[PDB]
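Structure first, then comments.
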Amino acid sequence: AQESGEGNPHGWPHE
Amino acid sequence: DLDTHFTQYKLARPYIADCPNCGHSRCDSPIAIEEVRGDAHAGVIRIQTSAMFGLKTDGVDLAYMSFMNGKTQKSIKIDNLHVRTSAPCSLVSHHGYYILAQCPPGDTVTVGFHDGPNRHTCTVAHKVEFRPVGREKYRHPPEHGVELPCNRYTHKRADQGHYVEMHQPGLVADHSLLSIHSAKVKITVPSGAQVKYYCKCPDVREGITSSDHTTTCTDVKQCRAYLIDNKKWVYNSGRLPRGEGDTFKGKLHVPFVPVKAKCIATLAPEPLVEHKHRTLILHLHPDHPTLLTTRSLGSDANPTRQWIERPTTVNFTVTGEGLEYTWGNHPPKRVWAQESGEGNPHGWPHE
Amino acid sequence: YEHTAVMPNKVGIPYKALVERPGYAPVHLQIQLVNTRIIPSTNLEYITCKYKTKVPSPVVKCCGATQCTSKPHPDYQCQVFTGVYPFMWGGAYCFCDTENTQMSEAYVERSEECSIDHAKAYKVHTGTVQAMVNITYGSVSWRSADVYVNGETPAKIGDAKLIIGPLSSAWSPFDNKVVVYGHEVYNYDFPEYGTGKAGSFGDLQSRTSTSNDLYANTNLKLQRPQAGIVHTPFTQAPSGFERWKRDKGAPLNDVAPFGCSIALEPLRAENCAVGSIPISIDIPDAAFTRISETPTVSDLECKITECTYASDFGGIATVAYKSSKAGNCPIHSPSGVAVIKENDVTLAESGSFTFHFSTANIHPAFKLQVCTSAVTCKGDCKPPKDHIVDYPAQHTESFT
Amino acid sequence: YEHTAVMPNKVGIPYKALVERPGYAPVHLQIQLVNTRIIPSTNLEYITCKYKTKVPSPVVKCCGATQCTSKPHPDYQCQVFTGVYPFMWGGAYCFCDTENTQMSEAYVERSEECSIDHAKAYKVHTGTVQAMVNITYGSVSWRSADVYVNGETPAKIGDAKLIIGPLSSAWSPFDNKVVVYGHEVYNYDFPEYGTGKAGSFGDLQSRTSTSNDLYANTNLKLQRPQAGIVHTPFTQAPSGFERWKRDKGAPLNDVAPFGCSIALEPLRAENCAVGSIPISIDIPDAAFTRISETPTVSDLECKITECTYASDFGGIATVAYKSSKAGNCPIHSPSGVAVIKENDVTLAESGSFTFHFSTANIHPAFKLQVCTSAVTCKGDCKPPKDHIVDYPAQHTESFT
Numbered sequence: 337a338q339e340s341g342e343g344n345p346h347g348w349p350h351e
Numbered sequence: 001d002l003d004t005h006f007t008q009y010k011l012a013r014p015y016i017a018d019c020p021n022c023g024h025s026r027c028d029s030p031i032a033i034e035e036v037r038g039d040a041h042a043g044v045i046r047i048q049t050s051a052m053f054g055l056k057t058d059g060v061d062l063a064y065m066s067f068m069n070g071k072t073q074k075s076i077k078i079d080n081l082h083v084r085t086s087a088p089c090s091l092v093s094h095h096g097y098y099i100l101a102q103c104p105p106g107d108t109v110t111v112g113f114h115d116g117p118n119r120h121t122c123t124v125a126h127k128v129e130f131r132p133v134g135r136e137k138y139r140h141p142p143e144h145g146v147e148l149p150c151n152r153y154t155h156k157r158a159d160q161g162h163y164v165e166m167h168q169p170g171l172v173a174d175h176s177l178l179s180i181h182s183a184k185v186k187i188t189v190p191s192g193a194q195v196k197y198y199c200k201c202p203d204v205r206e207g208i209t210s211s212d213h214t215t216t217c218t219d220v221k222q223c224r225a226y227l228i229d230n231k232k233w234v235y236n237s238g239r240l241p242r243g244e245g246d247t248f249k250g251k252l253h254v255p256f257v258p259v260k261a262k263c264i265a266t267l268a269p270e271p272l273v274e275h276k277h278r279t280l281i282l283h284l285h286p287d288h289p290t291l292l293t294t295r296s297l298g299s300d301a302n303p304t305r306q307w308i309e310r311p312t313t314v315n316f317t318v319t320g321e322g323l324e325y326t327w328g329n330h331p332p333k334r335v336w337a338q339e340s341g342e343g344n345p346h347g348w349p350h351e
Numbered sequence: 001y002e003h004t005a006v007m008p009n010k011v012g013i014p015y016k017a018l019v020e021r022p023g024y025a026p027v028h029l030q031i032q033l034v035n036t037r038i039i040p041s042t043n044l045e046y047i048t049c050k051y052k053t054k055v056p057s058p059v060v061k062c063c064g065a066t067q068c069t070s071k072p073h074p075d076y077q078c079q080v081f082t083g084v085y086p087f088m089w090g091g092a093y094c095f096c097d098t099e100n101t102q103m104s105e106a107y108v109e110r111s112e113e114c115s116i117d118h119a120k121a122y123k124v125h126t127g128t129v130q131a132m133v134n135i136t137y138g139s140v141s142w143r144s145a146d147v148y149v150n151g152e153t154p155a156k157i158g159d160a161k162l163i164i165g166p167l168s169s170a171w172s173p174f175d176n177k178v179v180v181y182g183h184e185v186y187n188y189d190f191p192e193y194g195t196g197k198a199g200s201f202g203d204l205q206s207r208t209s210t211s212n213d214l215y216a217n218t219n220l221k222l223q224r225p226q227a228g229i230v231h232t233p234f235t236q237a238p239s240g241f242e243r244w245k246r247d248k249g250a251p252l253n254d255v256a257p258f259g260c261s262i263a264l265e266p267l268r269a270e271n272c273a274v275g276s277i278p279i280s281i282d283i284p285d286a287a288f289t290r291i292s293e294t295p296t297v298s299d300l301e302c303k304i305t306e307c308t309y310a311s312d313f314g315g316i317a318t319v320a321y322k323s324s325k326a327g328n329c330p331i332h333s334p335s336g337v338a339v340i341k342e343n344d345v346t347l348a349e350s351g352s353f354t355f356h357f358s359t360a361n362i363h364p365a366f367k368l369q370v371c372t373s374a375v376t377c378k379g380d381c382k383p384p385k386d387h388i389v390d391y392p393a394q395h396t397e398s399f400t
Numbered sequence: 001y002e003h004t005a006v007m008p009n010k011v012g013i014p015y016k017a018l019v020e021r022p023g024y025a026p027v028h029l030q031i032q033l034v035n036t037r038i039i040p041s042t043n044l045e046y047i048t049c050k051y052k053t054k055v056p057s058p059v060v061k062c063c064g065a066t067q068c069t070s071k072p073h074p075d076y077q078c079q080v081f082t083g084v085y086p087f088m089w090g091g092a093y094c095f096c097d098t099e100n101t102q103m104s105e106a107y108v109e110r111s112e113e114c115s116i117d118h119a120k121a122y123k124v125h126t127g128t129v130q131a132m133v134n135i136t137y138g139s140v141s142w143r144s145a146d147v148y149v150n151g152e153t154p155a156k157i158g159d160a161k162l163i164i165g166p167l168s169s170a171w172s173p174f175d176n177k178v179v180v181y182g183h184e185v186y187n188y189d190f191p192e193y194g195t196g197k198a199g200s201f202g203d204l205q206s207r208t209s210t211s212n213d214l215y216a217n218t219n220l221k222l223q224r225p226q227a228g229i230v231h232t233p234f235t236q237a238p239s240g241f242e243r244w245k246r247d248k249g250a251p252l253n254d255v256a257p258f259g260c261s262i263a264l265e266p267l268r269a270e271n272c273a274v275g276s277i278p279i280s281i282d283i284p285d286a287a288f289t290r291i292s293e294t295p296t297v298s299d300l301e302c303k304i305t306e307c308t309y310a311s312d313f314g315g316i317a318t319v320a321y322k323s324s325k326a327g328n329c330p331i332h333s334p335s336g337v338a339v340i341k342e343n344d345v346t347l348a349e350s351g352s353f354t355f356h357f358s359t360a361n362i363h364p365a366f367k368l369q370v371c372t373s374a375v376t377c378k379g380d381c382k383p384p385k386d387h388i389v390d391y392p393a394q395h396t397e398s399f400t
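Residue numbers (the authors' numbering), protein chains in the order written: chain D, 337 to 351; chain B, 1 to 351; chain A, 1 to 400; chain G, 1 to 400.
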């Protein structure tokens, strides 16, 4: 991974 | 007694289930051990076989042993069972699926008698200690030390103090059940039961399905030999799966409950409790792990904690309003101070 | 007259207090704050206790659309396992090639020990507040009576009219939510009953010992039964019971401040050695001994002829009093700073007459207010050893 | 991210809000609140209700002193009287010649009205409180979410977690102590429990509506039997749930703070219309409408196609929409001054699409938050008016 930890749906980078 | 609760006896019938570890390529043995309970702290362990020894399912003798070989019982002597844990146990009484036995404590329990084409033994894990319920913990059966309050088993097998699920059983394999419907394999009852079914081949398997059998599969070893015993509700083991289409009520008690009184017990060899000047010098010399701990009495608080399982002279500085000293689950002792080294002038010489 | 007395709320100490008065003769009391009482309103949230994997029998759907269903006593941990073609005496009962799954189910269920001698949580409401107060007298001999401190009776019970509390043990030294398991009290907080937290206290949360609803996960994790035969592995972490006597947290009957040891309690900490109950009594003047029916003590001198001293009870000192009057004489070192063996001892004028007391000293130079007039009652006596023994009989400590 | 709604709490009216989301396309709300509940961790202290002097039957020992036996209803007025000479058919039923005693006893006992149409006290704490706001998004779907303090109980009611502040019901409009009379709930004291006396609503304290035990003083006064002959004089004065209905506190189903009404409740606040409910939700992508519909809504202009002067839904306005990508676009005024009945309004590049709304004046220059682009739908219309009609569909209102 590079992102795990229950997600960040983008409206901004890592929103 | 022989008869103590026809709650379990009449309304239960033995069954044979897989042993969790047997090392005969993992034998099936009717002594498949579930619910080891060294939860009485008094030398005694309650063990559960998957078979219902005791009374056969009748009125006579704890001194039989009725397991299932086939769908049929095999009603023979009680003493052909051998419970053991470490050293061989001595039976106290059997009732239902449950036996009370004077056994050494043990991380495992290891039961076994010759049955089948093998030696058909059975073993299972359960953490046992005959620990005092308190600030002590113990191993071996009582044979030394003072009695102090912990669990102990009932010799009484009527206990409604707890009850184990037995409401709607289901399968264990007993392919002796499974006859043939003149090409296809046919579900049958052990001695009555609403017996559910399926094979690898399509069949109905929801609802009552004692009136349904598979009409498309021939091989017996890929079908569900069942015992929903709904007139002789058996113990609900992990090695006895349940139905899924049926419901019956028949929750049935456990005979042996660990109760708390003055358990036959242990007390770690006598501590020396002596008070010198505002100080409990304490030569200590236990066997079993004793949490010594204190409560400095008064406006004071000052606890101390140290497990003592090694001989140690320790000290606990007793205050004017006292200290308490709690040598395990032996009841808390107490000590005041103002000294105890003897001789503080505070009078008028004249003697 | 109206004899205030606060002492540590310490169970086993007879602090033998003194009504200082000159209208009537000073009269002894014993304001003995016996047994720490606390007892508020509580709520049984859930019993905990070591598990027993009392399997409800695995609901098995071997092929197609799996179901582990619901049967009485809800909350079932259920996990499919494949690589099995089971045996239990006869052949496989799970066997398809569309799955080949045998669905093992095991829930945590209350042990038999849950019924009797068990960890027992409570969310404890603020509720009531209780005390227990002995008042003896230099006439009356003992009464050790329970006395409320809340809105119900913080007035008269036994001798004199007595106003009790607030205690310094009005709440236990342990937390608001408290677990109790036998003698041993474990303070652990949780908000209220529901579905708990596994591998910690309240990993089993059964509302009571035999129940339907519960929280059944003591960290119960079913695993694959290897070798193509089925049993049900139970991988389980120690419960809040196994932890609480041999994998114990904080044993509050040995680590609750004051001097407390505990039984099974809603939230009470018995036997605490402070928790001070401030007692105040409105004593009618009639209950006293008159000052003219006691010596209005004069020419105070204490001496001995022979003596032996005892700090429990039995400390003696003769007294050469040649008092203006003579009579009965309640004695005490002012306001529970001595333990007096007696309630009242007669003392006259002319001669020497011993009384008994006990104090936190090894020889008797404790002041004694002998029905008017204090005096340190020295006498050579002999050292006692008596201090190996329990909660004081040497008051709150204040001498040698 | 979150579900914007800054637009007030009402009830009756189908009022709306618009979710500003930039990662996905915004979503319309119809925030329909009409259920609101509190429900803390609480304790029922006592049902109250007015007396019923259901004159008990005394154990008359008769003359030479009479002792009043303790009946199964705690607290009782019982008074010996002498100088009677009983009659109940024939002669005396007491053992003196005519020096007979008649021991009249009367306690207060639960009324038959206590069972149904009664009062109910509560000490209202906090432990489980909930801020309930239904939003039928309309663009997406329903969710009637709650908040919970206790963490062994889910607060993930609705789609996910929904946070209100000012809360819609997680406060109590009534005090800690509350008395209840049908519709009218009076946030008014009562005396603890187990101690209650007349001069308050809670003077009667039955632990259940129809009980066996209670606390019975409602100003019940026994007096001397008439004519020097037996019987029971019971003189009974007003009590809780008889008075305090015109000696009344604040009748919360017409005067509750937070715009609510209250009744006989396990502590709930129905029909709230608090200052505002700024709703904020922590919701996945499912609660939103996706970004593919329009990444950003690029150009648009709005003008009437004849509107309303009223917050009735009838106002329309074409909007020459345009978008980064064509698709759906939920809409609502970002102030909720125009309340929009369109869940979704379609957008194509440089097209035009009318939506439905309700406004409140003839020139509706209300922003319309067209899923990441506001627009004023100005233009002259015809004025319909009707402004007695229920709570704002123009909410946040304080205009014409």
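From the three backbone atoms N, C-alpha and C, an ideal C-beta is built for every residue, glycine too.
| Item | Value |
| --- | --- |
| Quick one: grab the DSSP three-state call for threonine 214 of chain B. | coil |
| In three-state terms, what does DSSP make of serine 358 of chain G? | strand |
| Leaving out the 5 sequence neighbours to the left and right, which residues in its chain are closer than 7 Å to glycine 54 of chain B when beta-carbon positions are compared? | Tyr9, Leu62, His94, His95, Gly96 |
| For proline 190 of chain B, count the other beta carbons within 10 Å of its own beta carbon; 16 or more makes it buried, fewer makes it exposed. Which is it? | buried |
| How would you label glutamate 342 of chain G, buried or exposed, when you count the other beta carbons within 10 angstroms and need 16 or more for buried? | buried |
| Rounded to whole angstroms, how far is the Cβ of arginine 242 of chain B from the Cβ of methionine 88 of chain A, which I believe are closer than 8 Å? | Not confirmed; about 13 Å, so no contact. |
| Closest by CA to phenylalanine 248 of chain B, which one among B:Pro255, B:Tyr197, B:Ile228? | B:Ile228 |
| Can you pull the chain G residues whose beta carbon is under 7 Å from the beta carbon of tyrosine 193 of chain A, in chain order? | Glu152 |
| Using a beta-carbon distance below 8 Å, is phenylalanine 201 of chain A in contact with chain G? | no |
| Using a Cβ-Cβ distance cut-off of 8 Å, determine whether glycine 127 of chain G contacts chain A. | yes |
| In whole angstroms, what is the alpha-carbon distance linking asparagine 219 of chain A and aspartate 75 of chain A? | 14 Å |
| Take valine 133 of chain G and list the residues in its own chain whose beta-carbon comes closer than 6 Å to its own, dropping the five residues that flank it on each side. | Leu33, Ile164, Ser168, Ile277, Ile279 |
| Please determine, among A:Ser206, A:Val129, A:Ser57, the residue with the shortest C-alpha to C-alpha distance to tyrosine 122 of chain A. | A:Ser206 |
| Grouping DSSP H, G and I as helix and E and B as strand, with all else coil, what is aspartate 159 of chain B? | coil |
| Please report the straight-line C-alpha distance between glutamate 321 of chain B and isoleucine 362 of chain A, rounded to a whole angstrom. | 15 Å |
| Say whether the stretch 22-33 of chain A touches the stretch 249-260 of chain A, bearing in mind that this needs 3 or more beta-carbon pairs closer than 8 Å, one atom from each stretch. | no |
| Under the rule that 16 or more other beta-carbon atoms within 10 Å means buried, what is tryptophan 142 of chain G, buried or exposed? | exposed |
| Leaving out five residues before and five after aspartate 189 of chain G in sequence, what residues of the same chain have Cβ atoms less than 6 Å from its Cβ? | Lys177 |
| With distances taken from CA atoms, which of G:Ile13, G:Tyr1, G:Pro154 is nearest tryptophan 348 of chain D? | G:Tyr1 |
| Report all residues from its chain with a CB closer than 8 Å to the CB of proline 384 of chain G; omit the five preceding and five following residues, and keep chain order. | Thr308, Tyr309, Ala310, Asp312, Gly314 |
| How many angstroms separate the CA atom of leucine 171 of chain B from the CA atom of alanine 155 of chain G? | 40 Å |
| Interface residues of chain G around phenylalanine 190 of chain A at Cβ under 8 Å? | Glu152 |
| Thinking C-alpha only, which one of A:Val375, A:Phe81, A:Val108, A:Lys245 is nearest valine 164 of chain B? | A:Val108 |
| Identify whether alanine 170 of chain A lies in helix, strand or coil by the three-state DSSP scheme. | coil |
| Give the residues of chain A in contact with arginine 239 of chain B, contact being defined as C-beta atoms less than 8 Å apart. | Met88, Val230, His231, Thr232 |
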